[PDB]
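Enquirer: Can you keep this structure in mind? I'll have questions shortly.
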Amino acid sequence: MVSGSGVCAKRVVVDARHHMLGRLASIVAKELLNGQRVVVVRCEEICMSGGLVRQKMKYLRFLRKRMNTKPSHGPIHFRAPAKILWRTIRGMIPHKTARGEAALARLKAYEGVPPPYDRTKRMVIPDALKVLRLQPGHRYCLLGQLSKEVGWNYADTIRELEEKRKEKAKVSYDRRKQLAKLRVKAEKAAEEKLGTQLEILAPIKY
Amino acid sequence: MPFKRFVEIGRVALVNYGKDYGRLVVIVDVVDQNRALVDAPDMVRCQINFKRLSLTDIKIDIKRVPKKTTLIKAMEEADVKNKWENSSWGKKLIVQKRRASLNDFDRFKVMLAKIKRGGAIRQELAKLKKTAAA
Amino acid sequence: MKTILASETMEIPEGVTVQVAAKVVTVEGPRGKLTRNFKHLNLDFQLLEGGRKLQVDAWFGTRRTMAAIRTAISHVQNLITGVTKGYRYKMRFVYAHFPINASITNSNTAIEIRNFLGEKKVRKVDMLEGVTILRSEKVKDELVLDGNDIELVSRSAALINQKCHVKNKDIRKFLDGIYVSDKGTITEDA
Amino acid sequence: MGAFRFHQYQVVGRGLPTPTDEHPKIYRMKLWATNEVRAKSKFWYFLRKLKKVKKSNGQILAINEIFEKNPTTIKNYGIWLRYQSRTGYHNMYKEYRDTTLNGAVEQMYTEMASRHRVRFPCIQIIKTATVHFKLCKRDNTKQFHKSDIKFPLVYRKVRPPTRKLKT
Amino acid sequence: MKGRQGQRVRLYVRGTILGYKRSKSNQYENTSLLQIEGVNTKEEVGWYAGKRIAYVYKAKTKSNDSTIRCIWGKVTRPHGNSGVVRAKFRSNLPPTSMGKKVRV
Amino acid sequence: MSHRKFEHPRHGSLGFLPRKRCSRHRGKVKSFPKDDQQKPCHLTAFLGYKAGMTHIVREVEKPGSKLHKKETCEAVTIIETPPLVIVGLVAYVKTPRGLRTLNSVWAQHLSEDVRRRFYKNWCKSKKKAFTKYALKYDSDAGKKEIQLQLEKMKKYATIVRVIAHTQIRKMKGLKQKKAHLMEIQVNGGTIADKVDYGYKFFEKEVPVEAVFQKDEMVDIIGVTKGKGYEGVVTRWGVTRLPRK
RNA sequence: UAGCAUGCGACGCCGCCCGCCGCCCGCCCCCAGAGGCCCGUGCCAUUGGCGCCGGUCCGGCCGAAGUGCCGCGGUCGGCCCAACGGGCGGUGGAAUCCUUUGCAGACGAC
RNA sequence: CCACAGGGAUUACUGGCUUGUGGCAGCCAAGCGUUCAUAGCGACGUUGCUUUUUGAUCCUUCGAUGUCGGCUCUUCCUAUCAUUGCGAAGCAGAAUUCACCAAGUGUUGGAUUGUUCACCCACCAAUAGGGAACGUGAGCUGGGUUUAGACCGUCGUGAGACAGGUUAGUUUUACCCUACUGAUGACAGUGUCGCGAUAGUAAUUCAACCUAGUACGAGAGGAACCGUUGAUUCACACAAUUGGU
RNA sequence: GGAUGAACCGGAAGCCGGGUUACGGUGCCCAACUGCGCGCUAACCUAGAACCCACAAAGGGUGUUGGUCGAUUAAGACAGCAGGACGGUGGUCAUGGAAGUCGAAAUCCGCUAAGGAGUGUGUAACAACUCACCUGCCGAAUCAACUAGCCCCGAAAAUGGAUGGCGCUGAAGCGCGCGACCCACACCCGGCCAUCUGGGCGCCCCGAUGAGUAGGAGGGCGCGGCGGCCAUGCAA
RNA sequence: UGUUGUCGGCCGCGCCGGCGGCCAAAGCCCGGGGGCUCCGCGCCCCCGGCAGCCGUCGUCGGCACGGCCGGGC
């Protein structure tokens, strides 16, 4: 039904927290093809369904493949969750054509938050995870749980995740304490609110 | 979710689609753990395999087994639950519906005017903030 | 798939209090405290009046779910017993020619075994949780490992025994080590 | 009911035939189907299966359906059944919880398909047998529903029912 | 499940292109003007701003350029507001590809 | 097989490859010993220039084998290691894109040393009074700018590094007069104390004697002698091919 | 070990620049188990009496860069050209080569 | 002694298909191992996998795919010879025997023969097998095979012939593209110091001493772990010394 | 359409235009469903009609679901834990030796409420403990057996990983039903080119079929010089 | 020469409504009997009057739009 994340003429920020990596990538590839400029944030907190060993073997067949065969130059394998997401986008888009390459170059994937995009990130129409590993439904694996077993960028990324989360928790806690104060004096001035002839036909359309 | 599935009465449920074109329902007869008969007072009964029809919070006061007269009586006793229904939990659609009805002249002047006042309220609200602030 | 399920409720004994927050449960009694996380399918874990009843319940069930609920009940019974009554594993040193000298380093909480099979390099592994080891030497036989938490006590017990394994010739031939003699245990006055 | 599942078609008929004192004698074999298109075909499988006739040495008099029979309402149908998997057709006696004759086919087609593996070519069953609720023998879903009718247990699993949102 | 809230989303729906203006000397970009036959509801234009119109570039059906280019634009703004709307296309269109039925 | 047959280890390492020109003439460390000791009196490295080789006799130590206790020769490289100017304290941040320098606090005196730093380094050989290096602010306006930078640095916990250079006119055998710039990390105890000690170490020179003890185990880093271009036998250690 | 062509940072910064603005010429085209001007002429558009937002002086918080936001006291303003640019104009503050050599080297490079 | 027109319409030959043959495996387990199917050994029969021997076919080339063997040089597989960690034993030690995981590194030097293969000798921790156009001739080599000369044996009346042996018997090209090794090298507000997405890999193994003439053992013999020393092999580098120039 | 693809599927094509479809497909790459009702799988099985090309067998599997049949159950089961067993007589054969417990008769009863000449552990052999049956504690289903699906196993190869790729898992696998959609030059429709039906005044019109190598049959374009007719040329 | 409104033809689209087919019937209210379950609830089945409205075949009835092409009164 209406896809409630999707089009905006310009936006584009996507929350990856416990979203499904290939499902999020599929919408992101479509927004990128449409000419959007897409920033996926919290790539460390994104999820892939399936049992850890079987996810670990897929990537690992790339990791033995990272070694050989040798000029140098690529075939290449990214250790870290934004770059794993970028590797996913560079298969989702037709990846041999200027329209596709120009769409790829409009994506960025950032780990934690970049330095501040404090306009909220938004969830994709049910991309998100809880159920899609179903209760049970066996394991899932986080990209920041994959990339600890593959390497840095990850490691710095999860240490910067930690600090950016701790400080924005503190800054959230107090902004909420003032917002509640503003809400309470706002609601009392709607409880009061002066009168009507025209004006209360609108709250009979909530 | 596998969810609520069952086998009991009193529990109103709300639609995740079908024909009809409605619809809200309550489960009258309960008839294993998939199949169930859902009906409504002024709505048509159907027996569905209905995983993917989900049941709302507000519950109506009846006991187990309902034919038609009994169901009607229960509805009469309750009502109120439909209001919660017009509003809220599932339920929502009468407040929303109040929304859809509105791209229309008389309806458009009622709106500028809600707006115009809304502004006066922002201005009073803002004055208040300024006295509170410092 | 499906099938279906129900609630199971356990009386808490008077010498035990319980407190639950999120899916972490804390169980506390006069042998100490035990804190464990019960995450599982469709399944909630709660205290219906503290000092009355621990409840585990779920709205969904199948052969796998019922196995997990059965493991969960054994874990909680085990916790309740550990906080009032404790756990003990009792374990005996055996050396058939070379004196093995085992003791506890209380700082860096660990049990260290010297002259294992003539090995110059001391073998040690930690102790997990506030488990306590007593070595009641006599000849240098009996080691008693006591705690509230079974999981962590057992890993500590399994680890001492594990510390001695040699796999290199002959399962028959080399009996030098410390072996589990118990399972473990009652509670008690004296 | 809405977009079928298998209304049973009551075909009375004949067998219309020859200048010899013979003639064929009377049958139904009452067959579950979607309207005439299944019938025509259904008869050639019945005629190949029981009597051997021809196609032409079956003639069909009239067809009557059944119109909501069951009124929505219930039974947990005993079905005597044939599934084709890793060879030919194997018998099965399935008694399962359902709504109705519309539902019984699908629950069989889905259970013969998953449970029994069956793929297309297959033809249907032999019979479907109402039974009483206390009687229903074997096993899991139906036993619980039998218990639900008892009651106590219409009013058990409300005990998830009313326990999703909360009280 | 899907937790129907939802919104609605339906494919329908046909419309026609009125005519596409490709102009320069060098200040303007490009315009396309679009007519859906009746459709989007005054609410469903309004709630939205943001129609994607995807039209298949299908053989239509002499021998056509049957290519794996399906083109999908976006509707910028009503100019016509209870009917006709302005639209833009981002690749630029097929030949004189004015006319052909527009769909979502 | 297929072949053959009579099979060999492969000549000349692959961890020592690409066998290719180094990008700059002066070696560069990608990682350091860990902070496990005293504060930034512990500069993590020092420099010198290789003079040649000499040789030593020492009274030894070991005991297990046959020859023991007692005199031995062991072979020696001599390096001239004159005292080196730690000019400035460089503030590195941990970021999820790697380290990033933030701002740098400078002593009052590098002043032929920055003109030498502008000699390949930057370019054009230092004759009548040029290249230019910027002058210090008004003193304590610029020291408050610097001490406001110290404030940010010593609150947000910078991984402290030093810009240092070799004051080369203290060597003689390179008759050359030019400074060689380097990045040396500073390692030690707690991070505030580590910034403080690095500050008190840029406002005056550092000799070898303050970073290394005699006998200490030191990793030495350089750029090999150049040959030019070569074939495989003298470049990877492969065989000559034999027939007459 | 290699590695700013991941399309990066920092430090140090300079025969006329560039810091701040008048006037004109091209490209894309909100936040959010619901919400977001008092008296007037005048078809319009222009154009006049007269709480809530937008550049600003001065400073802080994520920011550790790029990058942003939000406030104590006032001022230019309301109820086209952001991200780029391209100028007519006012006011105001280096390196290659060379020559001789090499720690370097086929040339170039260093 | 050859020559010509053609053919991959048709051979040798590399490749491809097949996989009887070959190699390897699973199943079943008669049976043997004092007694004991399964420590080990294991028939008949039976199902497979590989594609590296042989056979088959005739799809590909006859306006041309250079031959065997060798060498050197890069890379790989695993059905693992050693090394690591393992399980069993008819594992008392202890030499071992079979098997599991496992491809990181090792896997040699010589005597006969063109040989591949294989036989032999001392070594060794063990001196594994299998692919990359039987890897490798715009690298080499040129001993065999396989021209023209000639001998012998056999056959043939003879010219001459043989999967019969022997002596002698040639190795072209200045790299256009591409590939990599290595050096240069614009855009961008500058040089320099840096970061580090990512790309290559570095250590392998042995002997001996401590332990201990201990454990284990009737005895004979004869271990382990660390702790120590040194050296085989590989890598990088320097040149005080010793050695070459 | 099938990733590519002489001969598989759809389909037989004049050119163009529009419409609807076939085969096949609808998560992205890629138009169009992250479609509905239900059920199975968690192995990344797995995205596969057919193909030298897509392998997987004999045989095995308390993985899991499902169907069925027999027997056993509150005249209390299955399992576990706990508890009862005197005497004939150290059972007859055989044999160093069985004597409960190498091998082989034989398996009854008094005395009894239950109480087998005994289930596995023994010492050269002699030496004890448990157990059949019966009972308690517990409380609800248990056991046997046929049949079937999917999965699992058997399952080792050579420069580098894929079902075309990203790659999914209460599905973007699989099966049983179902709804709506997409998609050719097909089929329709509009307008037009040959031949043929023919028709009508050197010309016009109605409708049908109408790819193409070898190739037959027929109409036409261009070259160069000749003749009769007919021009062009100081700018051919 | 280009464009836009339209009248006529062709095809597409969604929605609404009636009647007959299954002698019509789910149905509900009224009235009577039987069974199961025999622990009672509840479940079932059959028959007459009767609001009622159902899923599907066939058929007819009513509207509104678009695309393409052209210009009988």
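Because the Cβ atoms are built from the backbone with ideal geometry, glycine has one as well, and the counts that use them run over all protein chains shown. No value in this document is a laboratory result; all are computed from the given coordinates.
Enquirer: Which one of D:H145, D:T18, D:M29 is farthest out on the positive end of the charge dipole of chain D, using unit charges on Cβ (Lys, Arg +1; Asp, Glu -1) and the Cα centre as origin?
Expert: After comparing all options, I get D:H145.
Enquirer: Right, another one. In peptide F:88-97, how many Cβ atoms from other protein chains are near each Cβ within 10 Å, on average?
Expert: Counting Cβ atoms of other protein chains within 10 Å of each residue's Cβ and averaging gives 3.
Enquirer: Among A:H18, A:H77, A:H138, determine the one that fluctuates most according to a GNM of chain A built with springs between C-alpha atoms less than 10 Å apart.
Expert: Fluctuation is largest for A:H138.
Enquirer: Tell me which residues come under 5 Å, amide H to amide H, from E:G19 once H is placed; ignore anything under 5 positions away on its chain.
Expert: Hits under the 5 Å cutoff: E:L33.
Enquirer: Among A:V14, A:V38, A:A25, pick out the residue whose Cα is farthest towards the positive end of the charge dipole of region A:1-73, where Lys and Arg carry +1 and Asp and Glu carry -1 on C-beta, about the Cα centre.
Expert: A:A25
Enquirer: Sticking with this structure for a sec: Can you tell me the FRET efficiency between F:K177 and A:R99 if r is taken as the Cβ-Cβ distance and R0 is 60 Å, rounded to the nearest 0.05?
Expert: The computed FRET efficiency comes out at 0.55.
Enquirer: B:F108 to B:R45: extension gain in nm, 0.36 nm per residue of separation minus the Cα-Cα distance?
Expert: Stretched fully, the B:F108-B:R45 segment lengthens by 18.7 nm.
Enquirer: Local charge sum around D:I123 (other residues, Cβ-Cβ under 9 Å, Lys/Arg +1, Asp/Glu -1)?
Expert: In short, +3.
Enquirer: May I pose another question? Place a +1 charge on the Cβ of each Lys and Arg in region F:142-221 and a -1 charge on the Cβ of each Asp and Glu, then give the dipole magnitude about the Cα centre in debye, rounded to the nearest 20.
Expert: 540 debye
Enquirer: Quick one: 3J(HN,Hα) in Hz for region A:135-146, Karplus 6.51/-1.76/1.60 with θ = phi - 60°, rounded, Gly and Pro as x.
Expert: Each residue of region A:135-146 in turn: 2, x, x, 6, 7, 10, 9, 5, 4, x, 9, 5 Hz.
Enquirer: If I take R0 = 51 Å and measure r between the Cβ atoms of F:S104 and A:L182 in this structure, what FRET efficiency does the formula 1/(1 + (r/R0)^6) give, to the nearest 0.05?
Expert: Approximately 0.70, to the nearest 0.05.
Enquirer: Moving on to the next point. Helix-only estimate, please: 222 nm mean residue ellipticity of chain A, summing -39500 (n - 2.57) across DSSP H runs of length 4 or more and dividing by its residues, to the nearest 500.
Expert: About -14000 deg cm²/dmol.
Enquirer: Students often get this wrong: which residues of region E:51-73 have the backbone nitrogen under 16 Å from the point 7 angstrom along Cα-to-C-beta of E:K88?
Expert: Zone members listed by number: E:51-53, E:72-73.
Enquirer: Which order do peptides F:201-209, F:184-192 fall in by mean Cβ count within 10 Å, highest first?
Expert: Result, highest mean Cβ count within 10 Å first: F:184-192, F:201-209.
Enquirer: Round to a whole angstrom and tell me the spacing of the C-alpha centers of region F:16-77 and region C:90-123.
Expert: 41 Å
Enquirer: Arrange the peptides A:160-171, A:140-151 so that the one whose residues have, on average, the most other Cβ atoms within 10 Å appears first.
Expert: Per-residue mean Cβ counts within 10 Å order the peptides as A:140-151, A:160-171.
Enquirer: Given the Cα-Cα distance of F:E74 and F:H55 and 0.36 nm per residue of separation, how much length would full extension add, in nm?
Expert: 6.2 nm
Enquirer: Additional query: Along the charge dipole of chain B, which of B:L14, B:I62, B:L93 sits closest to the positive end, that is, farthest toward it, with unit charges on the beta carbon of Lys, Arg, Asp and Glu (+1, +1, -1, -1)?
Expert: B:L93
Enquirer: Could I ask something else about it? Counting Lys and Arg as +1 and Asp and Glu as -1, what is the net charge of the other residues whose Cβ lies under 15 Å from the Cβ of F:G237?
Expert: So the environment of F:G237 carries a net charge of +4.
Enquirer: Using the Cα centre as the reference, give the magnitude of the dipole from point charges on the C-beta atoms of region D:1-122 (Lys, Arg: +1; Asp, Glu: -1; all else neutral), rounded to the nearest 20 debye.
Expert: Using Cβ point charges on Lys, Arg, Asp and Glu, region D:1-122 gives about 500 debye.
Enquirer: When only C-alpha pairs under 8 Å and at least 6 residues apart count, what is the relative contact order of chain B, in percent?
Expert: Relative contact order, chain B: 18 percent.
Enquirer: Determine the sum of side-chain charges near C:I100: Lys and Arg each +1, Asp and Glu each -1, restricted to other residues whose C-beta is under 15 angstrom from that of C:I100.
Expert: So the surrounding residues net to +4.
Enquirer: Rounded to the nearest 10 degrees, what's the angle between the helix F:139-156 long axis and the longest principal axis of chain F, both from Cα atoms, 0 to 90?
Expert: Its long axis makes an angle of about 60 degrees.
Enquirer: Turning to a different aspect of this structure: For the pair C:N161 and C:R52, what calculated FRET efficiency results from E = 1/(1 + (r/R0)^6), where r is the Cβ-Cβ distance and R0 = 41 Å, to the nearest 0.05?
Expert: Computed FRET efficiency for C:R52 and C:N161 comes out at 0.55.
Enquirer: Quick one: Karplus J couplings for region A:53-58, per residue in order, coefficients 6.51, -1.76, 1.60, θ = phi - 60°, nearest Hz, x for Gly and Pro?
Expert: 4, 9, 5, 5, 4, 5
Enquirer: I would also like to ask the following. From the phi of every residue in region F:189-200, what ³J(HN,Hα) in whole Hz does the Karplus formula 6.51 cos²θ - 1.76 cosθ + 1.60 yield, where θ is phi - 60° and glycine or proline is x?
Expert: x, 4, 4, 5, 5, 4, 5, 4, 5, x, 5, 6
Enquirer: Highest mean first, how do D:82-88, E:32-38 rank when packing is the count of other Cβ atoms within 10 Å averaged over residues?
Expert: Packing proxy ranking, top to bottom: E:32-38, D:82-88.
Enquirer: Please give the helix B:68-78 orientation as an angle from the longest Cα principal axis of chain B, in degrees from 0 to 90, rounded to the nearest 10.
Expert: Value to nearest ten degrees: 30.
Enquirer: Right, next: Suppose each label sits 7 Å from its Cα in the direction of the beta carbon; what would the C:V122-A:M57 distance come out to in nanometres?
Expert: 4.4 nm
Enquirer: Another question, if that's okay. Among B:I72, B:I60, B:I27, which one shows the biggest mean-square fluctuation in a GNM of chain B, springs joining Cα atoms closer than 10 Å?
Expert: Its mean-square fluctuation being the largest, the pick is B:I72.
Enquirer: Cut-off is 10 Å between beta-carbons; in what order do F:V114, C:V18, A:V40 appear when sorted fewest neighbours first?
Expert: F:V114, C:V18, A:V40
Enquirer: If you don't mind, another one. Partner chain Cβ atoms within 10 Å, averaged over the residues of D:144-155 - can you pull that number for me?
Expert: 5
Enquirer: Here is a follow-up. With an 8 Å cut-off on Cα pairs and a minimum separation of 6 or more residues, tell me the relative contact order of region A:46-133 in percent.
Expert: 29 percent
Enquirer: Hey, what D do you get for the protein assembly as shown in µm²/s if you plug the Kirkwood alpha-carbon radius into Stokes-Einstein at 4 °C and 1.567 mPa s?
Expert: 33 µm²/s
Enquirer: Just need the relative contact order of region D:16-124 here, percent rounded to a whole number, with Cα pairs under 8 Å and 6+ apart.
Expert: 18 percent
Enquirer: Taking only Cα atoms, what is the 0 to 90° angle, nearest 10, from helix A:21-33's long axis to the longest principal axis of chain A?
Expert: 80 degrees
Enquirer: Please average, across the residues of E:45-55, the number of beta carbons from any other chain that are within 10 Å of each residue's own beta carbon, and give a whole number.
Expert: The per-residue average across the peptide is 2.
Enquirer: If you build a Gaussian network model of chain B, linking Cα atoms that sit under 10 Å apart, which residue out of B:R23, B:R117, B:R52 swings the most?
Expert: Result: B:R117 has the largest fluctuation of those listed.
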